[PDB]
Amino acid sequence: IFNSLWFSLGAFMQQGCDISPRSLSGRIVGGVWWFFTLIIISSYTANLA
Amino acid sequence: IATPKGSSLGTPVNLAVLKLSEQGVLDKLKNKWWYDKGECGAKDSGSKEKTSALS
């Protein structure tokens, strides 16, 4: 629970993770939060400009 | 502009209005009582639109 907390920070913007729970729901929904947070930084770049 | 029927006043008024409309005397007063007496300038308020941060 403390090991993969960094890999959520490793899924925070960038830096592709080394530990990958290959294809189950943790892989997909771990990409869903990952999909969500990349909108926020593109919007951050769009708003600051 | 309305005068009663058969009144001789209307024809000099008919020469009056067609003169004042030709000189833009109406248009200057239309600028007055709509825009200069208006509480906004529609392009002055159009020159005031500057917004900010994302909700």
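Structure above, values below:
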read-out	value
Some residue of segment B:17-31 being within 14 Å of chain A (Cβ to nearest Cβ) and not aromatic (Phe, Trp, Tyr)	no
Complete set of residues in chain A that are assigned to a helix (DSSP H, G or I) and either among the basic types (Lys, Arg) or on the phi > 0 side of the Ramachandran plot (or both)	A:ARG27
Residues of segment B:19-51 classified as of a type in the set (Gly, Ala, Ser) and more than 16 Å from the chain's Cα centre (by Cα), total	3
Filter result for B:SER55 (within 30 Å of A:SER43 (Cα to Cα), surrounded by fewer than 11 Cβ atoms within 10 Å (Cβ to Cβ), of a type outside the set (A, V, I, L, M) and within 14 Å of chain A (Cβ to nearest Cβ))	yes
Residue pairs meeting the criteria (Cβ under 9 Å; at least 6 apart or on separate chains; first more than 12 Å from every other protein chain (Cβ to nearest Cβ) and under 15 Å from A:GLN15 (Cβ atoms), in segment A:32-44; second surrounded by 12 or more Cβ atoms within 10 Å (Cβ to Cβ) and charged (D, E, K, R))	none
Residue within segment B:12-26 that is aliphatic (A, V, I, L, M) and within 30 Å of A:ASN47 (Cβ to Cβ) present	no
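Each reported figure results from applying straightforward, stated rules to the coordinates on display, with no laboratory input. Every residue, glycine as well, gets a Cβ built from its backbone with ideal geometry; the counts of neighbours run over all protein chains shown.
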